[PDB]
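Residue-level structural notes
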Amino acid sequence: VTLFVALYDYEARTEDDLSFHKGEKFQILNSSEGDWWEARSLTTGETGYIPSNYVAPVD
C-alpha cells in the first residue's frame, strides 16, 4: 500500500502547482527520487505537482 492520505488543503498560486483538499487519495505515478510527485485522483482527475512529504500512508 503506497497510497498517500491527504492531511490538509494548500494554497497554490502557480501554474504547475495545484490546490487540493483532504479526504482524497493520490495514486503513484512518478518515480524520480523524492520531490514533486504527481497527484492522480480517481475523483476529479486533476494533476498537479506538490510536496506530499508531510503526509503518510495507511497501515
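Residues numbered from 1 in each chain as written, not as in the entry; some residues may be left out. Heavy atoms only, no water.

Its PDB header attributes the entry to solution NMR.

If you look the chain up in the PDB entry, it shows as Proto-oncogene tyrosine-protein kinase FYN from Homo sapiens. Per the PDB header, the entry is named "Inferential Structure Determination of the Fyn SH3 domain using NOESY data from a 15N,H2 enriched protein".

1. Details of the nonpolar core
Definition in use: Think of a nonpolar core as a cluster: buried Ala, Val, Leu, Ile, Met, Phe, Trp, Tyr and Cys residues, connected wherever their side-chain atoms sit within 4.5 Å. Exposure categories follow from relative accessible area, calculated using a 1.4 Å probe and restricted to protein chains: below 20% of the type maximum is buried, above 50% is exposed, and the middle band is partly exposed. Contact criterion: two residues are considered in contact whenever any of their non-hydrogen atoms come within 4.5 Å of each other.
In this structure, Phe-4, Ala-6, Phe-20, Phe-26, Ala-39 and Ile-50 together form the largest nonpolar core, which totals six residues. In this structure, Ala-6 is in contact with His-21, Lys-22, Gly-23, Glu-24 and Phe-26, ignoring residues within four places of it in sequence.

2. Points about the environment of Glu-11
We count it as follows: Only DSSP runs of H or I covering at least 4 residues are called helices, and only runs of E covering at least 2 are called strands; the numbering of each starts at the N terminus.
Along the chain, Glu-11 turns up in the loop between β1 (4–5) and β2 (25–26). Using a relative accessible area of 61% as the deciding quantity, one classes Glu-11 as exposed. Once the C-alpha coordinates of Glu-11 and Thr-43 are considered, the two residues, 32 residues apart in sequence, prove to be 20 Å apart.

3. So, the side chain of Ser-41
Tracing the sequence through the fold places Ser-41 in the segment after β2. Contact partners of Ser-41, with chain neighbours within four places excluded, come to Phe-20, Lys-25 and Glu-46.

4. With respect to the packing of aromatic side chains
Inclusion rule: Pairing of aromatic rings covers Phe, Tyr and the six-membered ring of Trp, with a centre-to-centre limit of 6.5 Å; geometry is then stacked below 30 degrees between planes, edge-to-face above 60, and tilted otherwise.
Within the structure shown, the criterion is met by two aromatic pairs. Ring geometry for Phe-4 versus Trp-37: centroids 6.4 Å apart, planes at 65°, classification edge-to-face. In this pair, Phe-4 is assigned in strand β1 and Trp-37 in the segment after β2, connecting sequence segments 33 residues apart. Judged by its relative accessible area of 18%, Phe-4 is buried.

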